[PDB]
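Can you read through this structure? Questions will come right after.
No value in this document is a laboratory result; all are computed from the given coordinates. When we count neighbours, we look across all protein chains shown, and the Cβ atoms used for this are built from the backbone with ideal geometry, even at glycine.
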Amino acid sequence: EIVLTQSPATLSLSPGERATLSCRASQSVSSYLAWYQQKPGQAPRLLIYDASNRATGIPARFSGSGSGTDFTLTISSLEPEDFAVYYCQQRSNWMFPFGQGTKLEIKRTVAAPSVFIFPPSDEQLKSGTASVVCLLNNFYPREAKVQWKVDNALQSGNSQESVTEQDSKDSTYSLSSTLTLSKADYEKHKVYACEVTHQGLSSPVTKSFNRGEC
Amino acid sequence: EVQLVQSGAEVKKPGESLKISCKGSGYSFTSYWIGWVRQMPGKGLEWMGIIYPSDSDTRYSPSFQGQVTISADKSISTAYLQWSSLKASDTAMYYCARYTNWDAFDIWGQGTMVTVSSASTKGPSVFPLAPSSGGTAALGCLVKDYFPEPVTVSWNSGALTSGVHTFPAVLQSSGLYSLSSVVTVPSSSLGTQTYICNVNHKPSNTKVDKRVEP
């Protein structure tokens, strides 16, 4: 019946820096708290058991501490392989809650996205559907708000986003937002706009088009 | 070497039964509890249940009790997870893990991906994201309505790799996947250079080369 709260949700640091991750239990129990690491595309693996013991083959730079309800995981000096998601876990009688995870991500300087909008193709329109695609390229941090406006009216429930993993060379993210409409609804409106809010831009940036223009 | 090896990826439809396996090696399987953990796409870890292979003493999380059956055949060192009626929301990676008296999952299986959808196998429809201030232009292909994963996308038969971003697929409400693959190129190259996205979908034996023109 306990809840494990991990913080921060995203810890942004660089290789060479010291990392401190937190896990707080809602109630204090007598079971042993463990930490797990999950590298991108891999299964989780045990890092620390009973709050402070390194599991077999875990490097010396990882350590853990805490007692009662407050637990901490520390990496003394980050290596590139340490950028991964970390979860805590502590058994509550016969229930086994996990924390929601902390993503350890590469901090780099702020980079504003380049924004592009693509109208649906005529080949797609012929099939009865219109997908309008908005691209946010090579930005940092990951946090970005993308709002669709059709004839200056805010849209909701008709779009989906996809975000790449952090680029191995420049540490930026890219994001696509796709607005899907039926052909009849697409042709009922004129102006299609994608509005982007990001830390690297002094003001939100909009990319737009008037339907059926060259 | 102590290991847990799980059965291969599965692709099913709602209502179908499914049994996946977890085979222990390099240790006395009968002597350790085995837990099952679910990881839904883009989500964290959730404990489902646990079994002691010696007497098949099984405990489930209240969220999974009566929805799945955990069992073991200690004679062949194998634990199982089964559903009598899969749901679309059962689409997730499933891990088995060995639990120890240190209250931790010290060894994990590699995971079994289970994809549940009402859709049948289907090749993608590929549409252009046509290039239309600045010295840079963006273009791409929208690879829509395919099932199951994965598709691969290359540009100009692998000769164009710089500036390419192929987004992770997003499962649409229809039960079919969709993704875009984009590339940024010098706007001055649009009149001169040919851009073709090569899309391969092995489950349907589909291969499409789409020429993207401005």
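Within region B:46-55, which residues are under 24 Å from A:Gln89 (Cα atoms) and surrounded by fewer than 20 Cβ atoms within 10 Å (Cβ to Cβ)?
The answer is B:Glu46, B:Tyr52.
One line per residue, one yes/no per condition, for (1) within 12 Å of another protein chain (Cβ to nearest Cβ); (2) aliphatic (A, V, I, L, M); (3) touching a helix residue (DSSP H, G or I) at 6+ places or on another chain (Cβ under 9 Å):
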residue: A:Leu4; (1), (2), (3): yes, yes, no
residue: A:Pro15; (1), (2), (3): no, no, yes
residue: A:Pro44; (1), (2), (3): yes, no, no
residue: A:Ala60; (1), (2), (3): no, yes, no
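Further question on the same structure: For residues that are closer than 19 Å to A:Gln42 by Cβ and within 14 Å of chain A (Cβ to nearest Cβ), tally how many sit in region B:111-125.
Counting residues in region B:111-125 that are closer than 19 Å to A:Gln42 by Cβ and within 14 Å of chain A (Cβ to nearest Cβ) gives 3.
Exactly one condition in (1) surrounded by 17 or more Cβ atoms within 10 Å (Cβ to Cβ); (2) within 21 Å of the chain's Cα centre (by Cα); (3) closer than 30 Å to A:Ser52 by Cα is false for B:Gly42; which is it?
Among (1) surrounded by 17 or more Cβ atoms within 10 Å (Cβ to Cβ); (2) within 21 Å of the chain's Cα centre (by Cα); (3) closer than 30 Å to A:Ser52 by Cα, B:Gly42 violates only (1).
Please go through region A:97-110 and pick out each residue that is within 14 Å of another protein chain (Cβ to nearest Cβ) and not in a loop (DSSP other than H, G, I, E, B).
A:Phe98, A:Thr102, A:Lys103
Please determine, by comparing only the residues of region B:165-198 that are out of contact with any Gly (no Cβ under 9 Å at 6 or more places or on another chain) and aliphatic (A, V, I, L, M), which one is farthest from the other protein chains (Cβ to nearest Cβ).
Checked region B:165-198; the qualifying residue farthest from the other protein chains (Cβ to nearest Cβ) is B:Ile196.
Another one. For region B:67-110, name all the residues that are more than 14 Å from every other protein chain (Cβ to nearest Cβ), under 18 Å from B:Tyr27 (Cβ atoms), surrounded by 23 or more Cβ atoms within 10 Å (Cβ to Cβ) and within 24 Å of the chain's Cα centre (by Cα).
If the condition is that a residue be more than 14 Å from every other protein chain (Cβ to nearest Cβ), under 18 Å from B:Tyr27 (Cβ atoms), surrounded by 23 or more Cβ atoms within 10 Å (Cβ to Cβ) and within 24 Å of the chain's Cα centre (by Cα), then B:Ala79 is the only one that fits.
When the residues of region A:111-143 are filtered to those that are charged (D, E, K, R) and farther than 23 Å from A:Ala84 by Cα, which remaining residue is nearest to the other protein chains (Cβ to nearest Cβ)? Explain how you work it out, then say what you get.
Residues of region A:111-143 that are charged (D, E, K, R), as a first pass: A:122-123, A:126, A:142-143.
Now narrow it down to the ones that are farther than 23 Å from A:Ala84 by Cα: A:122-123, A:126.
Details: A:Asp122: 9, A:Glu123: 6, A:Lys126: 10 Å.
Looking at the filtered set, the residue picked out is A:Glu123.
Give the residues of region B:137-152 that are within 17 Å of the chain's Cα centre (by Cα), surrounded by 23 or more Cβ atoms within 10 Å (Cβ to Cβ) and part of a strand (DSSP E or B), sorted by residue number.
B:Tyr146, B:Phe147 - these are the residues of region B:137-152 that are within 17 Å of the chain's Cα centre (by Cα), surrounded by 23 or more Cβ atoms within 10 Å (Cβ to Cβ) and part of a strand (DSSP E or B).
A follow-up question, please. For A:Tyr32, work out the one condition from (1) assigned to a loop (DSSP other than H, G, I, E, B); (2) under 18 Å from the mean Cα position of the chain (by Cα); (3) surrounded by 12 or more Cβ atoms within 10 Å (Cβ to Cβ) it doesn't fulfil.
Among (1) assigned to a loop (DSSP other than H, G, I, E, B); (2) under 18 Å from the mean Cα position of the chain (by Cα); (3) surrounded by 12 or more Cβ atoms within 10 Å (Cβ to Cβ), the lone unmet condition for A:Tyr32 is (2).
Of all residues being assigned to a loop (DSSP other than H, G, I, E, B) and more than 7 Å from chain B (Cβ to nearest Cβ) in region A:87-96, which is nearest to B:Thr58 (Cα to Cα)? Just the residue, please.
If we filter region A:87-96 for residues that are assigned to a loop (DSSP other than H, G, I, E, B), which is where we start, we get A:90-91, A:93-94, A:96.
Going one step further and asking which of them are more than 7 Å from chain B (Cβ to nearest Cβ), we end up with A:90, A:93.
On the way: A:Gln90: 19, A:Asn93: 14 Å.
So the residue we want is A:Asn93.
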